[PDB]
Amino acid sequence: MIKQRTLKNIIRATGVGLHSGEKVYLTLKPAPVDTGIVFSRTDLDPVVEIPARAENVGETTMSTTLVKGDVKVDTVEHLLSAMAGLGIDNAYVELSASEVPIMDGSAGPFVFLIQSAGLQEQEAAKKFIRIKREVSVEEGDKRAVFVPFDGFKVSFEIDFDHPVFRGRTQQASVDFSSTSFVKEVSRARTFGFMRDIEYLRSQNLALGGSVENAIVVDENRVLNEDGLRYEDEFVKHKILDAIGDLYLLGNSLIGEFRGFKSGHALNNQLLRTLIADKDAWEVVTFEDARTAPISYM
């Protein structure tokens, strides 16, 4: 059978929050079967735990925030993307502050942490959520969709008209049958437009941002000295973001996500909309890994 997976060892890193600019200690730890991912604010007294599930998402302002009462864990999407991409079912994530460190702006640093810790197979069947019927949500011209698919695929289109984006692909459809999350998605950095970043900074936000952890573009140019890591890094980051949000479903997906100018708010609306309709999905396991349309080997 395809087994659940956790970390083999505890592993740590430090960084600063993008929004807050606050130095933060991050710890990833093994967890038992059927735990899922649970975040812990270890700086608080008492310590507050928040399961990484769609129902615990509060704010979605250019990022995904988990909330429990007045306690928040901000910017979970890049770390969760790495967890999803490497097939980690169960883990504890400890934080000394209310925001996951931004690191280099991508999921790469979290992939490094996970691969360094090692992967541990557990004695329980891994559960998958299979999309049975297409589900969609919209806001204005933005759209997010789950489509049945015998495998796992994430498609995304952005539609910027600014000169800097002219001629760029602005679209990708990634079938993970033949695409490596690690090599081809995980290192795509977050990006921001100068006018937007300036607006945030003018309010004392985005304090952790720098050219060292984000792609900065103006109307006409990519400002970063060494350009892009992937030819289509922008849309690849949107895909990375979607995969991170997808993981709030609590299980790996058998299906396709399609995003059209979508963001974290719409992604999360899609999750809650799917979850609510039991006719649109089912949970499956594979006692014989060879019959599975996906592979985590």
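The first residue of the shown sequence is 1; numbering continues from there. Under this definition, the rigid core comprises the largest set of C-alpha atoms superposing within 1.5 Å between the forms.
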Query raised in the report: Looking at C-alpha RMS in 9 other deposited structures of this protein with the core superposed, is it 266-274 or 226-234 that drifts more?
Result: 226-234
Query raised in the report: Looking at C-alpha RMS in 9 other deposited structures of this protein with the core superposed, is it 213-221 or 136-144 that drifts more?
Result: 213-221
Query raised in the report: On average, are the C-alpha B-factors higher in 13-21 or in 284-292?
Result: 284-292
Report summary line: Taking the deposited Cα B-factors and averaging over 105-113 and over 163-171, the higher mean is found in 163-171
Query raised in the report: Between 125, 131, 222, 144, where does the Cα B-factor run highest in the record?
Result: 125
Report summary line: The largest CA temperature factor among 253, 62, 270, 243 is found at 62
Query raised in the report: By its CA B factor, does residue 92 count among the lowest, middle or highest third of the modelled residues in the chain?
Result: middle
Report task. Would you check the entry's CA temperature factor for residue 99 and let me know if it's in the chain's lowest, middle or highest third? Result -> middle
Query - Among modelled residues of the same chain, the CA temperature factor third for residue 27 - result: lowest
Report task. Could you tell me which third, lowest, middle or highest, the C-alpha B-factor of residue 193 occupies within its chain? Result -> middle
Query - Within-chain third of residue 67 by Cα B-factor, per the entry - result: highest
